[PDB]
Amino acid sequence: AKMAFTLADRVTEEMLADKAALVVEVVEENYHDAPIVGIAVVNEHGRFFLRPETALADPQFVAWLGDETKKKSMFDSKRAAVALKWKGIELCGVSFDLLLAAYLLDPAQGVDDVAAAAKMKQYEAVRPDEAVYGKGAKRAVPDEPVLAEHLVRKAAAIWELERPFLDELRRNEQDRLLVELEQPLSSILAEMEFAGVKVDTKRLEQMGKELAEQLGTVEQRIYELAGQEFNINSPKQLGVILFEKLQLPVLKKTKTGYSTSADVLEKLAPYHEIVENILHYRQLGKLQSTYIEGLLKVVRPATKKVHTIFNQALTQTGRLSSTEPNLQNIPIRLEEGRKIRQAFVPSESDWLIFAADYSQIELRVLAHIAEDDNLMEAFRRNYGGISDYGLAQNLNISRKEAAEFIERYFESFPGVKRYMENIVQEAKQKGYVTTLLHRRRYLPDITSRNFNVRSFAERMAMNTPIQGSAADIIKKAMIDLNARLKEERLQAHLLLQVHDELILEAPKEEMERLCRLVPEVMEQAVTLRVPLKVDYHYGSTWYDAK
């Protein structure tokens, strides 16, 4: 463990080379408006650590950061890019992201620091972040020399690992997936996250006031029906009320006790009316805790904006996730919760929200992959590896009739049946399944002798190519869309992606254009054997974009 570097006091010309590994260290998990604690640069000329107060106020270093012809290899470049946006600095020229490279090679490793990526190539001259910063309340930036060494070691690791990772991606036919899709998408997501979405806090607070009143009412009604006060938000206490006091049938247990899941409670409605009230209560309580209170807590008060983080290197299928706040699970199915969307508004006066969604993209993808004539034919003119049991439990119908449904289904769509058979056999033979744009998921459990383990892996084999291909497509569509927006000099920009949906805001005068541009681009992102279809709506709030 011997590695020389310069702890620099000022920026020098040799630090500004046209190819470098760059570390812009942000220690907080949520990098919005978070401190940059240190910088490291490794390039042909040497290894350098820079204090951010120095480097970020240096016009030549800022210039270098923003120069796209000066190429940087990084790890989680979006964290750096956004943290620098909050410092009013533009980051360009990112040509390699070790995080996204590691993610494509194997999503299951859950790589989230340089040390874990390095482990994939047996590179061990770098420590884990957790080792250096510590955890929980003990989390702290160490003394400068210890910090400096770590940052330089991380940059040095990125320097040496770039070619080995690129080499393996290319052997996997995933190099273009990294360079032409994930990496450009990363810059787009950074834009969306920094832009944020404006919230109508006056409206959200008034909703919370009315909701608190309504919860109280429902709560007292439940106690009345139960004959006793108890904590409705405790499945344990609730279980005692339902299955001991009221002596309702026990339909399901889990490892900790009686199940009070929504499915179960719905099936108990013919026994006691309290179960319908309880389901209602738990819905309203989630609205209050999460979409009123939890959302207000993360609103930046001066701008009334919320800034999510789209985790690009987390899910096993290639989807994004959204955290702090999650803006990909805002209520829509019940009118009571859907009204939450009235609180999401345009960031400027006389702008509107525009929302466009793919219709049944996973079913069109299945049609394409399976080349099922009947299914493809229908699309030119169901989501349930569900079993007869799950289907019956889902539809609250006869398990015998459920079995007949699934049977009839594969009779009618023999291409889909063939596909399900073939993809499982392929997974067993190769050890992984792949998506349309060459995303991979490894399934080492697929030949387990244990029924449950094997079966879960077989269902992943069936679903991942479908769900992950749909992810591939919308990602490409975002890249295509952004470009067309910039070409036409539109002010419209993306705010959110919700898996098979894109949400934008824009001057009212641009709706007409977007109504043609967004759907076309999204539909023409890839050519399948069936058409892609997109629906679109716009309005004064997200609610009204329906």
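In case it trips you up, residue 1 is the first one in the sequence shown, and so on.
- Deposited sequence between residue 384 and residue 385: 1 to 3 residues lack coordinates.
- Missing deposited residues between residue 255 and residue 256: none, as the chain runs unbroken there.
- Looking at mean Cα B-factors across 473-481 and 510-518, the upper value is held by 510-518.
- For the segment pair 217-225 and 294-302, the entry gives 217-225 the higher mean B-factor, averaged over Cα atoms.
- Reading the B-factor column for the CA atoms of 97, 200, 191, 411 in the entry, the top value corresponds to 411.
- The maximum CA B-factor among the listed residues 418, 245, 428, 87, taken from the PDB record, is found at 418.
- When the CA B factors of the chain's modelled residues are split into thirds, the value for residue 63 lands in the highest one.
- Per the deposited record, the Cα B-factor of residue 33 falls in the lowest third when ranked against the other modelled residues of its chain.
- Residue 22: CA B factor lies in the middle third for its chain, per the PDB record.
- In the PDB entry, a CA B factor belonging to the highest third of its chain's modelled residues is recorded for residue 393.
- Per-chain ranking of the deposited C-alpha B factor places residue 496 in the lowest third.
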